[PDB]
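# An overview of the molecular structure
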Amino acid sequence: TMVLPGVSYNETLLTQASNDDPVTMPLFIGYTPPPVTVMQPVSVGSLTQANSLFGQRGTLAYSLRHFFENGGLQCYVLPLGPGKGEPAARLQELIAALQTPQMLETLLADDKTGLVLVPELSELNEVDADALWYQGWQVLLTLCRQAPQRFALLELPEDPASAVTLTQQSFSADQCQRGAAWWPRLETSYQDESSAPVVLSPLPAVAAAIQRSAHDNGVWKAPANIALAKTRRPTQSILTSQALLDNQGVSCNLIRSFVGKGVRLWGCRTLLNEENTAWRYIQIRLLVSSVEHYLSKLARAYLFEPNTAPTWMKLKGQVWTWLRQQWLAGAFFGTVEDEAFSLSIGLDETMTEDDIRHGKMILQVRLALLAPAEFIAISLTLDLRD
Amino acid sequence: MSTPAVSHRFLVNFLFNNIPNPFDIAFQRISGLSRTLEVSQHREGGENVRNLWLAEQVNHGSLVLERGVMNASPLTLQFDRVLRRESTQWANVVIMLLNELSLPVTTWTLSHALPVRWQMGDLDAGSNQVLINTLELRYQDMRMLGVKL
Amino acid sequence: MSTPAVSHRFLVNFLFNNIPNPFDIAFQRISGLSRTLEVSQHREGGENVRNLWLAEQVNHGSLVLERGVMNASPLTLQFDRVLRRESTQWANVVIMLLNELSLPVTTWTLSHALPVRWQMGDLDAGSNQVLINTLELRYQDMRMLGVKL
Amino acid sequence: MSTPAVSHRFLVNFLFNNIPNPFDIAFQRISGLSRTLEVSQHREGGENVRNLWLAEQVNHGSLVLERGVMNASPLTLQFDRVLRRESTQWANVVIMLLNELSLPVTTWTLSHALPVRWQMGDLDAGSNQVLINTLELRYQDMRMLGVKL
Amino acid sequence: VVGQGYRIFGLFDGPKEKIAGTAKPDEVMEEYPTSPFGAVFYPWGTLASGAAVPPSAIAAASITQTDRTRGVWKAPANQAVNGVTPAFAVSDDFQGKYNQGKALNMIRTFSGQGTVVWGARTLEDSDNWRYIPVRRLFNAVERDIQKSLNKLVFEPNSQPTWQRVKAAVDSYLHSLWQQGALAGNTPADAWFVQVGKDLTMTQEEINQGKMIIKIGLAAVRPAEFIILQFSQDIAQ
């Protein structure tokens, strides 16, 4: 009478809680779509939550739809405000907002994400464009250098000799180490409210391929050889623009399409164009920072302990156990343990008595990592035999 | 030659994933860690005088621990959860001997130890003894360290 | 550190459903409560160096009790009914140690204990001993309480 | 509290159907009467933490008796007939303890006891001992009486 | 009461408002005394019933759980307090400005160890009286010794009484050494007690009723910084 218990119908979202994986968590830093707080990062769960917060049409809204339809697990969005309009002015207030010291108080006091991404620098293609591109990268490459474990996801402009002049620009070695560019911008299958297709940056498709091939295969594998789901084609192929093959700038990653298989990510190699330093190869930078994230989790468990020799060996025994299990899981190179990793805490091994009295506890880890199979050098031998 | 190691000073460190702090618990009677390789004998046709032993599979022993009935530690509260089947969490155990000063001379470093047995001591009216309870763990791997191997 | 618990003071409370009053009976020699988890070892194909223990089923021990031949209590009259198969009633047993003052420091709290065995002591002409009879119960669950776990 | 019962005074009464008079025979070493109920453990599908004990069948022990080689009583003449298979008669046995005065404080009262085993002591040239022979009976039921149960 | 000498330890509060970052650690930390008997603890609480917990109460509830399970000589920091939440997210670039000098002593939450207090330094940055453990250790030593020596007051000021004082302190400090409170691998490196007639007090000072005992003892300093030095090389 008072109540009628029965079967209803509604489209509310139940949601899911905590996907962890802080190292491969993307962070989208576009402008708010036209009641989230103007600065705090917002946990976006499924694609239903991305529409219930941010609508369906925009620039950040299509990048979230292209994130979860490429196999993304969870994303965070850092809003910035209801931007102006006249998009040559939104896109120099975007860079000016990212240079504020209030960006550092939100990225350093975050500890939930690990892939910095601004997908709205793709709008610079419409639009000095070169000046805006270089202080678009270099602002992102310093927010990650400063932060303990963040990786930038960058992109090149479509026009060659504007993407050539960006790679032939000065970036310090410390900064290159942590950030990557994928060149060909993606033509999606989303309508633009008319017959014409929506062209998005490749980077929401990349950040979904990074954290699903780190969830499925492990973060040590590679982010490449991944079929991009809901893309028609990359807007430009490498057979029509032989620029960017000039070996005089930062390493770039190519997104291509094949015949028997679709649009593939076809590279994993950081902005370091150095042949011997193993801080190229994205999965090397993301594996060793996934070991930073856990070994510093059990290090600060033994933090406000005495500096006596028992607590040094309580810490080696826990780190040696964990590193041996990851070697037997396939994460490190080496057919014996002596060439896979090493630990060396001690009083006259790493520390000294002056280091102990200042309250330090210094532990050394050496690692041996795996190399990709980027080139297959087939040979044929006849072997006559009568 | 350097002096051999005596067997009456030892620390044990536990690290569970339920419990946020690593805790250190004093025991009375750590039993002893074995490690067998499990060979098998093959007999060949024409050979009657030598033997042939073929290596198969490394078998690890069990960590049997003894301590008195004292106040509730984070490890007897953890065996209570596992033996009530409320969790199946296991821990990384570090056992180490100590020399005259404080220094760890050998370290045994067990991995994924699972609490499997609780055993209470006897209640006897004329006894004059501390109530000792016996704890027992099965681990997956074992890795001995230190300078006195 | 706080002093460990000795093992010569203990109360036992029984609660049957035949009997309307809960009764408390003094024993000599409560044996000891075990609790095993019964793992099993699996051998994988390519893995020869680590072990793999899989949890199955918690096994509880048995409550063996000893007291002298004294006047007929409500518990020896109850084992007489169960072992004559006139009832199959079982009880909730509470066992607890006592400290110096009176206070229960640990409590063991058995559930659905069933009397299964009576065992009489020896009659010997030169013996100089009290006739002790041995009682034994099988319970379903066990739940330890107290501050000294 | 009343004093417990000691175990060095006991009478045994036998009643066969061959023999017209009930006879009372002094023994040295009555062994002890057990009575087990023989439960069995069942394992249920979804239940991993409790046990399940199911009552089946009461098992009685055996009456083992010891006395010296003395003059031929009506009971050693009766084991001689049963172990020569001339009769298969069995008796109702009454065993009872005695207190300080004369009074029976506990009584055990076996039914249909059958003589099944004779066992002679050792003959040794340097021995200094009485030749003890061991007698053993299997009974059907058992029923304990008395005030000290 | 510190100038009167009562062996206490104060637990103060940080600002209830958000400290900016362009604020300076000198102008923010000027309300607070420069005595080694205090700590400040900035980030306020946001208790699950909506109420606000003062951050001195978060710090005092991690002292109770530490003084049982580890003792007064162990740091009150990494023990987790339940039912509370820090009001603001604090970075470790922010705590580096506020660590040396007057020691703000952050209250930070981590995945796993929920809302620990993160820091154990007092309001002066000296070699002796940094580190809340080694001040609160000596507060417990100096109060348990005077509770033992107040039962020897108004005894005759003579050489048999001085021997009973220094053996009541050696018996207290030997038990304190063998449970990990004192730094030393021998009793001669962990404490000393000293009393005499040409050692610690003069005959003109005996006649005033005075009994000077001097006691030195070494405490265990905690670890505060952990450096993970990493090397790798691909396929080697």
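Structure: above.
Residues numbered from 1 in each chain as written, not as in the entry; some residues may be left out. Chains lettered and ligands numbered in written order. Part of a larger assembly, values for the part shown. Heavy atoms only, no water.

Looking now at the overall build of chain E. Tallying secondary structure elements over chain E gives six helices and seven strands in all. Scanning chain E from its N terminus toward the C terminus, one meets helices and strands in the order β-α-β-α-α-β-β-α-α-β-α-β-β. Against the compact-globule benchmark of 18 Å for 236 residues, chain E has a radius of gyration of 22 Å, which places it well outside the compact range. Dimensions of chain E, computed from the C-alpha atoms along their principal axes, are close to 65 × 55 × 35 Å. In chain E, buried positions account for 43% of the 236 residues. A fraction of 63% describes how many contacts in chain E between residues 6 or more apart in sequence connect residues 24 or more apart. For chain E, the distance from the average site of its 23 positive side-chain charges to the average site of its 22 negative ones is 6 Å. (Helix = DSSP H or I, 4+ residues; strand = E, 2+ residues; numbered from the N terminus. Rg over C-alpha atoms; globule rule 2.2 N^0.38 Å. Buried < 20%, exposed > 50% of the residue type's maximum accessible area, 1.4 Å probe, protein only. Contact = heavy atoms within 4.5 Å. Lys, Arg positive; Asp, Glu negative; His and termini not counted. Charge placed at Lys NZ, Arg CZ, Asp CG, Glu CD.)

With that settled, consider the arrangement of the chains. With no contact formed, the shortest span from any C-alpha in chain C to any C-alpha in chain E equals 9 Å. Of all C-alpha pairs spanning chain D and chain E, none lies closer than 28 Å, and the two are not in contact.

So, about the pattern of salt bridges. Following the criterion strictly, the structure yields 42 salt bridges over all chains and no others. The partner of A:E337 in a salt bridge is B:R143, with the nearest N and O atoms 3.5 Å apart. A residue pair is termed interchain when its members come from two chains, as with A:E337 in the loop between α10 (309–327) and β12 (341–343) and B:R143 in the loop between β13 (141–142) and β14 (145–146). (Salt bridge = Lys/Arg side-chain N within 4 Å of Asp/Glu carboxyl O.)

The next thing to look at is the sheet that holds strand β5 (residues 151–155) of chain A. All names here are of chain A. Taken in spatial order, the six strands make up an open sheet running β2-β3-β1-β4-β5-β6, and their pairing is mixed. Both edges of this open sheet fall to β2 (42–44) and β6 (179–182), since each of them pairs with a single strand only. Strand after strand, the sheet turns through a mean of 30° between neighbouring axes, direction not considered. The sheet contacts of helix α5 (residues 129–146) involve β4 (115–117), β5 and β6, and relative to β5 the element is tilted by about 165°. (Pairing = 2+ DSSP bridges. Axes fitted to C-alpha atoms, helices over the stretch in contact; angles between N-to-C directions.)

In the superposition of chain C on chain B (RMSD 0.0 Å, axial shift 0.0 Å), the rotation amounts to 60°. These values place the two chain copies in the arrangement generated by a six-fold rotation axis. When the interface residues of chain C are mapped onto chain B, a mere 3% of them again fall at the interface, so the copies present different faces. (Least-squares fit on C-alpha atoms.)

Bringing the nonpolar core into the picture now. Within the largest apolar cluster, 103 residues are counted, with the highest numbers of intra-cluster contacts made by B:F14, C:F14 and D:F14. Among the nonpolar cores identified, the runner-up in size contains 80 residues, and A:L60, A:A205, A:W327 and E:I226 belong to it. (Core = buried A, V, L, I, M, F, W, Y, C linked by side-chain atoms within 4.5 Å.)

Residue and element names in this part refer to chain D. A grouping of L83, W118, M120 and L123 is seen on the molecular surface, where their side chains present a nonpolar patch of about 430 Å² in accessible area. Within the secondary structure layout, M120 lies in the loop between β11 (110–119) and β12 (132–138). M120 sits in the partly exposed class, given a relative accessible area of 48%. (Patch = residues over 30% accessible without salt bridge, like charges linked within 9 Å, V, L, I, M, F, W, Y side chains within 5 Å. Areas by Shrake-Rupley, 256 points an atom, 1.4 Å probe, with all protein chains shown as cover.)

As a further point, take helix α1 (residues 76–83) of chain D. For the α-helix, the turn length of 3.6 residues means that residues three or four positions removed from each other point alike. All names here are of chain D. Listed in full, the buried residues belonging to α1 are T76, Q78, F79 and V82. What you see down the axis of α1 is that its buried residues fit within an arc of 150°, all on one side. Considering only its buried residues, α1 is in contact with β8 (63–68), β11 and β12. Remark: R85 follows α1 within two positions and exhibits a positive phi of approximately 55°. (Arc of directions from axis to C-beta.)

Turning our attention to the environment of B:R67. Residues and elements named next belong to chain B. Positionally, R67 belongs in strand β7 (residues 63–68). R67 gets classed as buried once you look at its relative accessible area, which sits at 6%. Separated by 38 residues in the primary sequence, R67 and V105 place their C-alpha atoms 23 Å from one another. Within the local environment of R67, its side chain forms a polar contact with the backbone oxygen of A26, the two atoms lying 3.4 Å apart. (Polar contact = N/O pair within 3.5 Å; in protein donor to acceptor, adjacent residues only side chain to side chain.)

Let us now look at unusual backbone geometry. One non-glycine residue, D:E38, adopts positive backbone phi at about 60°. The exposure class assigned to D:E38 is partly exposed, which follows from its relative accessible area of 35%. Of note, E:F154 is a non-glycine position whose phi angle comes to about 70°, a positive value. Locating E:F154 in the fold gives a position in the loop between α4 (132–149) and α5 (159–177).

Helix-helix packing: each pair is described by the crossing angle between the helix axes and the interaxial distance. Residue and element names in this part refer to chain A. Following both chains from N to C, one finds helix α9 (residues 282–299) and α10 inclined at 150°, their axes separated by 10 Å at the closest point. Taken together, the axes of α9 and α10 are roughly antiparallel relative to one another. The element α9 and its partner α10 pack so that their crossing is right-handed. Residues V291, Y294, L295, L298 and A299 of α9 pack against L315, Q318, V319, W322 and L323 of α10. In terms of residue class, the contact of α9 with α10 is built from nine nonpolar, one polar and no charged. (Parallel < 35°, antiparallel > 145°, perpendicular 65-115°, else oblique. Left-handed = near helix turned anticlockwise from the far one by under 90°. Nonpolar A, V, L, I, M, F, W, Y, C, P; charged D, E, K, R; others polar.)

The next point concerns the interface of chain C and chain B. On the chain B side, the residues contacting the 39 residues of chain C number 40 residues. Buried surface at the junction of chain C and chain B, summed over both partners, amounts to about 3800 Å²; 53% is from carbon and sulfur atoms. The three residues of chain C that bury the most area against chain B are C:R35, C:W53 and C:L149, which together make up 18% of that side's buried surface. The tally of links from chain C across to chain B stands at four salt bridges. The shortest N-O distance in the salt bridge between C:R143 and B:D80 comes to 3.2 Å. Where chain C meets chain B, there are 21 residue pairs in polar contact. (Buried area = accessible area lost by both parts, 1.4 Å probe.)

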